[PDB]
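# Coordinates in review
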Amino acid sequence: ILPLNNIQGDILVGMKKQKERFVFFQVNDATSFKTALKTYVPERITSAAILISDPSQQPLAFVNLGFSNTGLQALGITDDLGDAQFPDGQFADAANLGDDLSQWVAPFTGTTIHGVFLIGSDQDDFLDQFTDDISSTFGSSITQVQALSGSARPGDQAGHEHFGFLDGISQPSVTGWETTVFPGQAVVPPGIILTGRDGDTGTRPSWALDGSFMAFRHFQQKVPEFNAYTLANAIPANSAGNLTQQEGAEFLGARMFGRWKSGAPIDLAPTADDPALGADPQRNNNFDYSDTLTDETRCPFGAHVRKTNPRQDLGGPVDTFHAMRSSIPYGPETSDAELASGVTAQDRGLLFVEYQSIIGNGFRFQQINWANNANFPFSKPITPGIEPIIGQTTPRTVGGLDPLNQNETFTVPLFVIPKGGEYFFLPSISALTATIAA
Ligand code: HEM
Ligand SMILES: O=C1O[C@H]([C@@H](O)CO)C(O)=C1O
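### Comments concerning the overall build of the protein chain
Check the secondary structure of the protein chain and you find 13 helices and 15 strands. Its C-alpha radius of gyration of 21 Å places the protein chain within 12% of the 22 Å reference for a compact globule of 438 residues. By principal-axis analysis of the C-alpha atoms, the protein chain measures approximately 65 × 45 × 45 Å. Each of the 438 residues in the protein chain was classed as buried or not, and the buried ones make up 55%. Here the analysis covers contacts within the protein chain between residues at least 6 apart in sequence; of these, 71% occur between residues at least 24 apart.

### Details of the UniProt feature "binding site: heme b" (unreviewed entry) in the protein chain
As annotated by UniProt and renumbered to match this structure, "binding site: heme b" (unreviewed entry) occupies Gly168, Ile169, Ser170, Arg259, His304, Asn309, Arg311 and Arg325. With respect to the element layout, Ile169 can be found in the loop between β4 (142–151) and β5 (173–174). Along the chain, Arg259 falls in the loop between α8 (245–257) and α9 (275–278).

### Observations regarding the pattern of salt bridges
Evaluation of the coordinates by the stated rule reveals 16 salt bridges. A salt bridge links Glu333 to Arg153; its shortest N-O distance comes to 2.8 Å. Here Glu333, found in the loop between β11 (328–330) and α11 (336–341), pairs with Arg153, found in the loop between β4 and β5; they are 180 residues apart in sequence, far enough to count as distant. Looking at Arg153, the relative accessible area reads 10%, which means it is buried. The closest approach of N and O atoms between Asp313 and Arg306, which form a salt bridge, is 2.7 Å. Taken as a pair, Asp313 and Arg306 share a single burial class, namely buried. One network of salt bridges, in which partners are shared, links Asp267, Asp291 and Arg298.

### Remarks on the pairing of strand β12 (residues 349–356)
Consecutive residues of a regular strand have side chains that alternate between opposite faces of the sheet. Counting buried residues along β12, eight of its eight residues qualify, which places the element largely inside the surrounding structure. Judged from the eight bridges that link them, strand β7 (residues 212–221) and β12 form a sheet pairing that is antiparallel. Looking across to β12, one finds that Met214 is bridged to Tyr355. As judged from the two bridges shared by strand β10 (residues 324–325) and β12, these two strands associate in the antiparallel manner. Bridge pairing in β12 links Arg325 to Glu354. As paired elements, β11 and β12 share three bridges and run antiparallel to each other. What sits directly across from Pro329, in β12, is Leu350.

### Looking at the nonpolar core
A general tendency of soluble globular proteins is for nonpolar side chains to be buried together. Membership of the largest hydrophobic core comes to 71 residues, with the highest contact counts inside it found for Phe33, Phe67, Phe117, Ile119, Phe138, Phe163 and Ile436. Here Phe163 is in contact with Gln221, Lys222, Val223, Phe226, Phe257, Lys261, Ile389, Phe415 and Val416, once residues within four sequence places are set aside. In terms of nonpolar packing, the next biggest core, distinct from the first, is built from 35 residues, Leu12, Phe108, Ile193 and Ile328 among them.

### What about the packing of aromatic side chains?
Following the criterion strictly, the structure yields 35 aromatic pairs and no others. Ring geometry for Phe33 against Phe67: centres 6.1 Å apart, planes inclined by 85 degrees, an arrangement best described as edge-to-face. Of this pair, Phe33 sits in helix α2 (residues 30–44) while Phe67 is found in strand β2 (residues 61–67), placing the two residues 34 residues apart along the sequence. Accessibility classification places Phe33 together with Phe67 in one group, the buried group.

### What to know about the coordination of the iron atom of ligand 1
Of the protein atoms, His304 (NE2) alone serves as a donor to the iron atom of ligand 1, at 2.2 Å. Mapping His304 onto the fold places it in helix α10 (residues 304–308).

### Notes on the site of ligand 2
The environment of ligand 2 is made up of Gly184, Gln185, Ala186, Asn309, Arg311, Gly316, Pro317 and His322. In this structure, an oxygen atom belonging to ligand 2 sits 3.4 Å away from a side-chain N or O atom of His322. Within the complex, the protein chains bury 79% of what would otherwise be the 310 Å² of accessible surface of ligand 2. Looking at the shell around ligand 2 residue by residue, the class counts come to two nonpolar, five polar and one charged.

### A word on the site of ligand 1
The full set close to ligand 1 counts 25 residues, and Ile169, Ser170, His304, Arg311 and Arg325 are the nearest of them. A distance of 3.2 Å separates an oxygen atom of ligand 1 from a polar atom in the side chain of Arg259. Those elements that provide at least two residues to the shell around ligand 1 are β7, α10, β12 and α12 (363–371). Classifying every residue of the shell around ligand 1 by side-chain character gives eleven nonpolar, eight polar and six charged.

### Description of helix α7 (residues 223–232)
Buried within α7 we find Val223, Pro224, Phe226, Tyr229 and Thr230. Close packing links the buried residues of α7 with β7, α8, α11 and β14 (409–411).

### Details of the packing of α7 against α8
Two packed helices can be described by the angle between their axes and the distance between those axes. At a closest axis distance of 8 Å, the pairing of α7 and α8 adopts a crossing angle of 115 degrees. Considering only the axes of α7 and α8, their crossing is right-handed. Counting all contacts with α7, which are made through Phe226, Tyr229, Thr230 and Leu231, the residues of α8 involved are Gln245, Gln246, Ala249, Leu252, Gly253, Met256 and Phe257.

### A look at the side chain of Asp93
As for its position among the elements, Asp93 is in the loop between α4 (69–74) and α5 (94–97). There is a polar contact of 2.8 Å between the side chain of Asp93 and the side chain of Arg364. Setting aside residues up to four positions removed in sequence, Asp93 forms contacts with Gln85, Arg364 and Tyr423.

Basis of the calculations
Residues numbered from 1 in each chain as written, not as in the entry; some residues may be left out. Chains lettered and ligands numbered in written order. Heavy atoms only, no water. Helix = DSSP H or I, 4+ residues; strand = E, 2+ residues; numbered from the N terminus. Rg over C-alpha atoms; globule rule 2.2 N^0.38 Å. Buried < 20%, exposed > 50% of the residue type's maximum accessible area, 1.4 Å probe, protein only. Contact = heavy atoms within 4.5 Å. UniProt positions renumbered as here; feature names shortened; annotations may be inferred. Salt bridge = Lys/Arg side-chain N within 4 Å of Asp/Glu carboxyl O. Pairing = 2+ DSSP bridges. Core = buried A, V, L, I, M, F, W, Y, C linked by side-chain atoms within 4.5 Å. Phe/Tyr/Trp six-rings, centres within 6.5 Å; stacked < 30°, edge-to-face > 60°. Donors = N, O, S within 2.8 Å, 3.2 Å for Na, K, Ca; no water. Near = heavy atom within 4 Å. Polar contact = N/O pair within 3.5 Å; in protein donor to acceptor, adjacent residues only side chain to side chain. Areas by Shrake-Rupley, 256 points an atom, 1.4 Å probe, with all protein chains shown as cover. Nonpolar A, V, L, I, M, F, W, Y, C, P; charged D, E, K, R; others polar. Axes fitted to C-alpha atoms, helices over the stretch in contact; angles between N-to-C directions. Left-handed = near helix turned anticlockwise from the far one by under 90°.

Structure follows, in structure tokens:
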């Protein structure tokens, strides 16, 4: 039985707030920081139990807190957490992920960052008040080195990312607590997500129980460029018949992601959007690629969702490589003038957050072994190629996007630019005060 009151809520449940701020900080004075932490944590750090409660019993903003390796070292927290990538930080790992290092920016270009406060709220006012509360509480014991702020997109684009696609449909469900499981949803032991729980094979200090590792990525997205590419390479026809250019461009976007913008998965809706399906969590995840293991008519081998969660491409259920996501878009809407020009003029993108007990099995496996790997999924009749959305191998060639000409390859410009990121550990709530602040 998972102690829901002791697990930081963004890990297990997700804040699911309209606004989110990530306050990256360095510790100036370890003793004063720890003193502030002992009063801050009981008052502000939001558990999974709070997130599943009625909204009437919830605070106006949620706060979670993670530390980098250098943050833990700065606080005299010296026990090895057992993860291969966490100690060196993400900048040292960025080339491995395929990143263009020249696009990284301060303060992520090293290991100056000691931790991150994540604040979630449904409006800017409350977000700001809780941010100010951190500043007031911790004072000179920290220096804020960056704040990145995100917001859900407006109106009927709420829950969609900046390319236009509904994000946050498919998540693993962990055993150990009472929750609803949707058709097609993976069920995994809790240690896939929570350090020290069943399914976690890493060597953890006892105090690390019920923590998790966050892979944070700051992505800038090139939306007019993405849109222009889909129009220039619009699929002329599918099984159902000929497509207008607009239809063929929409279809090409859906082929690249593995879902239509509505969230309808192409494995279920292979020729036309089904928005009602996309909006129905009882149906929108109920597929496993078993109907398309050895052909690409229903779904390309290299589509985003298929690369990051291969389902039956692995031969059956596999616990090991699932991870939780709690990403949020950032930046202004793309104007009609920007879309017309085909050129990005404003900074917008995704503040990407993925949780797993073993970084190398979650985010990093999905990125390197799968998305970046032209020959994954394995044993296919046509080379899958590089995942078009976040795959980082050049040339960025992906096959099978045209269901009626599956040997045709598409060389896709990179529309998602990594600007920085870090690996954090989020301890349990008790660990924050009994270990970190001790
Ligand atoms: C700006 C960059 C990204 C965008 C715009 C994006 C967008 C999306 C969208 C629209 C979905 C479909 C909704 C869903 O199934 O929940 C999705 C699913 C998913 N993405 Fe991403 N994504 C991005 C980066 C990444 C990265 C870097 C990874 C990991 C390396 C990743 C891993 C996943 C996973 C695991 C799923 C769920 C797959 C499933 O269970 O079927 N995404 N993403
Ligand atoms: O996410 C997945 O869903 C199926 C199965 O677990 C559903 O029960 C599978 O093999 C996955 O990797």
